[PDB]
Amino acid sequence: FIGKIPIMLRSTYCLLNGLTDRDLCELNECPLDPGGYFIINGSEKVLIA
Amino acid sequence: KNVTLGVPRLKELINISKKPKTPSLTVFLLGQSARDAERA
Amino acid sequence: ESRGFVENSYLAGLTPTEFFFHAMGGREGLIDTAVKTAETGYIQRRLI
Amino acid sequence: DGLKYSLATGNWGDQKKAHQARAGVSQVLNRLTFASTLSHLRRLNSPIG
Amino acid sequence: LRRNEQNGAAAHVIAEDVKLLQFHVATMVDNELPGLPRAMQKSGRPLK
DNA sequence: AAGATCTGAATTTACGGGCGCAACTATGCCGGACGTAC
RNA sequence: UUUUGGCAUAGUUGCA
DNA sequence: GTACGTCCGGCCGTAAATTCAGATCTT
């Protein structure tokens, strides 16, 4: 172990990867949510290009 | 012609500067060269 | 039209090139509004 | 913490050298309407430099 | 520097103390000048 | 006459400023050292 | 029986 | 004996500075 990397939502390593809309509803996640952001201390952070 | 105006020119007038952007001399003539194009 | 003379009225609607050149024209209006506000007060405060 | 702080504050570079660090890269995601969220996620920032 | 004089300590350390005191008073009145680096509060932030 | 000096007159870094206010958010400063309990 | 409060930043946004 | 754990020490306008031509002195 060397640390913890924040994970961008709906990436290939987020747990919401490739989940159908039903399973996203079961996890109380909006299927229309595009993702593309991190959760840092509960705050949704987006990196501006 | 093209002469500086607006707030840059007003700035330079109140911010007295040794370097005008568009310094000029509206120089007049008095003899026949005032009316003669060739002489002017 | 190549150098940005738009020929359609606002009623007729602009073409894509015409629309993009018009957006270019309005961008200078926005930027000069911004710089005017940037120079708002400075000349006036110096004068007073 | 090192990623986390940089994503929590948006100051990028060395933490102790944050005086000369580029700021505002990471921003709290703007959840006011769905169009605003999409616009924020697709955003480019041009620094003065 | 006071206990250096009370003890009668060496001169080079006294000069270094005077140097650091000069820097500290100068950055206490004015923490911005084209000389030594700025003073930080041990928290990575300059002093006001 | 010649010179050295030498003293007033042309060229390079270097601070130091940079819109009125509003409104909202969100984030923030340790490692040795010493004891006590188990 | 009469209180109250973090400073300095950074970002975003409104009007001129 | 071992670890923890929590308490104490580390742009443009001046404005100064550097180099070149009279001028009195020096020779």
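Taken in order, these protein sequences are the chains called X, L, A, W and E.
Counting from 148, one number per residue, gives the positions in the first sequence under PDB author numbering.
Counting from 1115, one number per residue, gives the positions in the second sequence under PDB author numbering.
Counting from 818, one number per residue, gives the positions in the third sequence under PDB author numbering.
Counting from 442, one number per residue, gives the positions in the fourth sequence under PDB author numbering.
Counting from 290, one number per residue, gives the positions in the fifth sequence under PDB author numbering.
The beta-carbon is built from N, C-alpha and C at its ideal position, and this holds for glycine as well.
Here W/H460 is exposed. Its C-beta has fewer than 16 other C-beta atoms within 10 Å. In the structure shown, the three-state DSSP call for W/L482 is helix. Contact between L/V1117 and L/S1138 holds, since their C-beta atoms are separated by about 7 Å, short of 8 Å.
Short of 7 Å from the beta carbon of L/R1153, and not among the five residues preceding or following it, lie these beta carbons of its own chain, in chain order: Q1146, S1147.
Contact between X/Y184 and W/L470 holds: their C-beta atoms lie close to 5 Å from each other, under 8 Å. A direct Cα-to-Cα measurement between X/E176 and X/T159 gives close to 17 Å. For X/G189, the nearest beta carbon of chain W is not closer than 8 Å to its own beta carbon. For E/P326, the closest C-alpha among the options E/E305, E/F312, E/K337, E/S332 is that of E/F312. Approximately 3 Å separates the beta-carbon atoms of X/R157 and X/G182; this is inside 8 Å, confirming the contact.
By the rule that beta-carbons nearer than 8 Å mark a contact, W/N486 touches chain X.
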